[PDB]
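Peer 1: sequence-free structure coming up:
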């Protein structure tokens, strides 16, 4: 009814203004709850009518923020769930409760994601090891702070210059006692000679195995490729997107250049061009291993997860 | 159609449409042969089609012809035939063949509509030689109001990259005919290299005209994205390791017509099955053959 | 030698084949009862599992009961279907196959005993005797087996098919 | 119940999570002579595993499955209890004993997985001896189809790859590559084989005999000399012990070395592995999961001095002889399985489904 459009408009302008909520798994839970509220607050006879409905609100919700893909791919996963249930019921009226319980299955699958990645983390960390991360990500800090229960090693958390978010990861890892080392972002190739492996997170995994992530991680991947150290992308499968990299150049999220060059700089701000991209593109050849809630996978396998999680008719959404 | 007509037919099918590929005309010849065979044996047709495909392997020397022959032999023999007197069998087979032909015919347009989203404005496309697929995808790129310069090599054994430049200059796009031995010279200004392949091997590598490997390696040393735009019937069950490991019937004082590009030298593929990484080319190829 | 008075099997008949190879269109097989003549069999799409578990060496050799779906004696093709063979039909075919193999062994030993240096001599004598018995009893295949069994206890029933003394003696001995 | 085998020597600080045993002592010194807790075939197999008499990955898996046949044939059913739980619970300490003798190759893990899945799928209405024969037939089908028939399939898929006049490099001893080479020499290809061997196993000498007795022209050398011969090599065949989830190839320790040197000489690599050796485990280096053999095996007699005779008396000296390593999948070109010739990066896609 009307409250449905209230919640939809609140979510849309919440994504338009800022980050609400802060981390992305909460955003996937809100998106799936909003989608189950959408499918329980409408009337339809065919599944295709609900498909156009969900496509319309997905177009609106991804036009709210093109840089954040979790809502769009969650809408796309709900679309594939609807298509699979319509295909298994076609070969009618019991469709709605089946989609509700399938989305509930997806929510129970999704709530135990970071702890499933944490459970398989001990198979990748040995004692007295040098780890380098970038940015701040709750997946990687849960990974490391539970792998530190039985191992003793070293983590070099490199801050990112636009928003020094690696400082929060540093003060969160030092509470667990992992010998946290804080450095700048300019010393990454200066310390790549001693880092044994690089364990980072991401914002969005693309269809070809590539990933957008916090900016400066393409440099980190190049330095780790030069030193041949393996890259561990601790990423869940709601950061899996079928969007190819070269698509209307709407890849990077540019923010106000205040965090790079402040407004009190002078008259030189008029004759200067300051860019602040908070995301960066990493090709799949610079990635060694993905760690998802189903296990470890190669970058030569993400298209298969793509075909297992999304339908090719909904790539345009 | 005692094989002579078949050869003649194939030719009539290749000369009637100059913008038509060779393997498509081969599959049209196979469909004509099945349509007017006059043999009642669910097996009697397989030997006749194999002989036809070896006459279409002897006439046409392209890799895509034998690939389309295998894909047409698999796609016609897919459904639950269960024929009483072959009448049902032959009719279903003809129906399947026509469906397969239509899928092939709409493949190229799918390729163009799925590929032209990678060309940025003001980009410099590097191209090896004439192929209708890369020309179609460039016409889809100029259909979306994009500006780009194209450097097309000449591909010396038959100056067809010059013919491609003639057909692309009529499109009103800035094209420059570059000598074939200048692909290391112009790689530094060509930001991406789009090359149409004539055969895709199992690992994801491509079989193409002689200058693709040196072009692809020059693209790898300068970190330029090497994109391959090929259809689904150009897949092949081969796995070459070196440039000698391709079969000699596809190659031909030592003037080969075909090289091989390793899948590590290829960034993406643009098939009608989707934009594929080369390990997706291996998975999809095995699945497709079925 | 073939099993029956015909050199090729008739339409809508159940045979026993050895699968020789698997190809795209279908599987080529050898019909053991028609002097190892070549047949083929189609594969339902559902039965298409080459991708996942091929192990083509599995069916590279195997006994199977199949139903003749189409024959063309002039061109020489026999197409067969496994899916159309019923389980009761498969059991009957297996029994027939065992019987024909026994007749085969009897006749091969008979042909060896008479030192038939030529295949056409042995094939002619064995085929003629089996067919004649089949006609007497109006039962292709089974007739010969039952007749050999009778020859075990009463050899004189074979006395009149006087190809040679050695053939009769060896047949009775191995039957007995 | 079952003790732990004693750790031998001073372990590596990087390999503190991996166990390092010795072939000098056995675990069966303090066990009953009438085998009561573990089945006698299991203690015979564990003793002939720890002493090194069965070292091949397929020979170890075969001896495991045959000892399991001897267990299942010599099994009885307790009252009011089902086979599908008690037989699993009885075979699990057997596998724990087999782990304590020697860590299992991934062939043995996947064989245990298949046997556990098969013994779970035994019907409840079926009798004892009928289910015993069903399990024996399932184990027989498993060994026959997985190794023998997959080996013939891999041999046929490798015969269309080996050409005439080329040179082939092999490493170590593996029945699959030796069978490939033998059936290629017998089927008509005329080629010569070089053989790279390594200390301390020196197991390449075995395949050297297998090629000389088969009539193949052979050349024998060690791992450090491989840089000398790869200019002559046109193809390097390798025998994998496990294929991982990321497409890495777990094999003997010189496998990745040879793959790197072969890529440095532009030599295409070919791995030959059967699909039962596919691991859901994944690794990125040769350090987080590996087997450590005896450190007292590395010593040799070059004259009248053995430098590592009294190596344990030096406190700051550590000896390590790894058995398995992994190769990154960008070093391996072919993976020839019974399903076909696949690339290395596409191996988990086709192996999973």
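Peer 2: Good, I have the coordinates. Residues are numbered from 1 along each chain as shown, chains lettered A, B, ... in the order given.

Peer 1: Up against chain A, what does the stretch 251-353 of chain D have?
Peer 2: Counting by C-beta under 8 Å from any C-beta of the partner chain, the stretch 251-353 of chain D comes close to chain A at D:280-285, D:287-289, D:329, D:345-346, D:348-349, D:352. All C-beta atoms are positioned from the backbone trio N, CA, C, and that covers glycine.

Peer 1: Which ones among these map onto helices?
Peer 2: D:348-349, D:352 (DSSP state H).

Peer 1: which ones are touching the most centrally placed residue in chain C?
Peer 2: Relative to the mean C-alpha position of chain C, the nearest C-alpha, by C-alpha atoms, centre = their mean, is the one of residue C:33, at 2.9 Å. Counting by C-beta atoms under 8 Å, 6 or more residues apart in numbering or on different chains, residue C:33 touches C:2-4, C:9, C:15-16, C:100.

Peer 1: Any chance of a markdown table for those, columns neighbour count and distance to chain D?
Peer 2: Shown next, in a markdown table, are those (neighbours: other C-beta atoms under 10 Å in any protein chain shown; distance: C-beta to the nearest C-beta, whole Å):
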| residue | neighbour count | distance to chain D |
| --- | --- | --- |
| C:2 | 21 | 32 |
| C:3 | 26 | 31 |
| C:4 | 18 | 34 |
| C:9 | 22 | 31 |
| C:15 | 24 | 26 |
| C:16 | 20 | 23 |
| C:100 | 23 | 28 |
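
Peer 1: Which members of these additionally contact chain B?
Peer 2: By C-beta under 8 Å from any C-beta, no member of the contacts of residue C:33 lies near chain B.

Peer 1: Among those residues, which ones are in strands?
Peer 2: Those of the contacts of residue C:33 mapping onto strands are C:15-16, per DSSP state E.

Peer 1: Identify, from the contacts of residue C:33, the entry nearest to chain A.
Peer 2: Ranked by distance to chain A (C-beta to the nearest C-beta), these are led by residue C:15 at 35.7 Å.

Peer 1: what residues are up against that closest one?
Peer 2: By C-beta under 8 Å, 6+ apart, the residues touching residue C:15 are C:9, C:31, C:33-34, C:65-68, C:80, C:93.

Peer 1: Now with 7 Å, please.
Peer 2: Residues in contact with residue C:15, defined by C-beta atoms under 7 Å, 6 or more residues apart in numbering or on different chains, are C:9, C:31, C:33, C:66, C:68, C:80.

Peer 1: Tell me which residue in the stretch 1-150 of chain D sits closest to chain A.
Peer 2: Chain A sits closest to residue D:16 of the stretch 1-150 of chain D, with a gap of 5.9 Å, by C-beta to the nearest C-beta.

Peer 1: Need the contacts of residue C:15 in JSON lines (columns: distance to residue C:22 and secondary structure).
Peer 2: As requested, those are exported to JSON lines (distance: C-beta to C-beta, whole Å; DSSP: H, G, I helix; E, B strand; the rest coil):
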{"residue": "C:9", "distance to residue C:22": "22", "secondary structure": "coil"}
{"residue": "C:31", "distance to residue C:22": "16", "secondary structure": "strand"}
{"residue": "C:33", "distance to residue C:22": "21", "secondary structure": "helix"}
{"residue": "C:66", "distance to residue C:22": "14", "secondary structure": "strand"}
{"residue": "C:68", "distance to residue C:22": "20", "secondary structure": "strand"}
{"residue": "C:80", "distance to residue C:22": "14", "secondary structure": "strand"}
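
Peer 1: Now the buried members of the ones in helices among the residues of the stretch 251-353 of chain D next to chain A.
Peer 2: Listed as buried from those are D:348-349; burial here means 16 or more other C-beta atoms under 10 Å in any protein chain shown.

Peer 1: Of the ones in helices among the residues of the stretch 251-353 of chain D next to chain A, which are in range of chain B?
Peer 2: Here is what survives when these are matched to chain B using C-beta under 7 Å from any C-beta of the partner chain: residue D:349.

Peer 1: Excluding chain neighbours, give the residue nearest to residue D:194 in space.
Peer 2: residue D:219 (4.3 Å; C-beta to C-beta, 6 or more residues apart in numbering or on different chains).

Peer 1: Then the one you found would be within a strand, right?
Peer 2: Yes. Judged by DSSP: H, G, I helix; E, B strand; the rest coil, residue D:219 forms part of a strand.

Peer 1: Roughly how far does it sit from chain B?
Peer 2: 21 Å (C-beta to the nearest C-beta, to the nearest Å).

Peer 1: pretty sure residue B:135 contacts residue B:168?
Peer 2: Yes. With contact defined as C-beta atoms under 7 Å, residue B:135 counts as touching residue B:168 (6.4 Å).

Peer 1: out of these two, which sits in the busier spot?
Peer 2: Of the pair residue B:135 and residue B:168, residue B:168 is the one with more neighbours under other C-beta atoms under 10 Å in any protein chain shown, namely 23 against 20.

Peer 1: measure the closest residue to residue D:158 other than its chain neighbours to chain C for me?
Peer 2: Distances taken as C-beta to C-beta, 6+ apart place residue D:180 nearest to residue D:158, at 4.6 Å, with adjacent residues excluded. Going from residue D:180 to chain C by C-beta to the nearest C-beta gives 15 Å.

Peer 1: which stretch of helix or strand covers residue D:180?
Peer 2: According to DSSP states H and E, residue D:180 maps onto helix D:175-187.

Peer 1: Show me how far the lengthiest helix in chain B is from its chain's centre.
Peer 2: Ranked by number of residues, the top helix in chain B under DSSP H is helix B:87-115. Helix B:87-115 sits 16 Å away from the centroid of its parent chain (C-alpha atoms, centre = their mean, to the nearest Å).

Peer 1: before we move on, the earlier item: out of the ones in helices among the residues of the stretch 251-353 of chain D next to chain A, which is nearest to chain B?
Peer 2: Using C-beta to the nearest C-beta, residue D:349 is the member of those that lies nearest chain B, at 4.4 Å.

Peer 1: Enumerate every residue touching that closest one.
Peer 2: Neighbour list for residue D:349: A:301, A:304, B:279, B:283 [criterion: C-beta under 7 Å, 6+ apart].

Peer 1: distance of it from residue A:302?
Peer 2: 10 Å (C-beta to C-beta, to the nearest Å).

Peer 1: cool, residue B:80 as well?
Peer 2: 35 Å.

Peer 1: Could you pull out the helices in the chain for me?
Peer 2: I'll assume chain A. According to DSSP H, the helices that chain A contains are A:2-17, A:24-39, A:47-64, A:70-90, A:95-111, A:114-119, A:138-147, A:166-173, A:188-191, A:217-226, A:302-309.

Peer 1: wrong chain, I was asking about chain B
Peer 2: Going by DSSP H, chain B shows helices at B:4-15, B:22-35, B:44-59, B:63-76, B:87-115, B:132-143, B:161-169, B:212-221, B:248-251, B:278-289.
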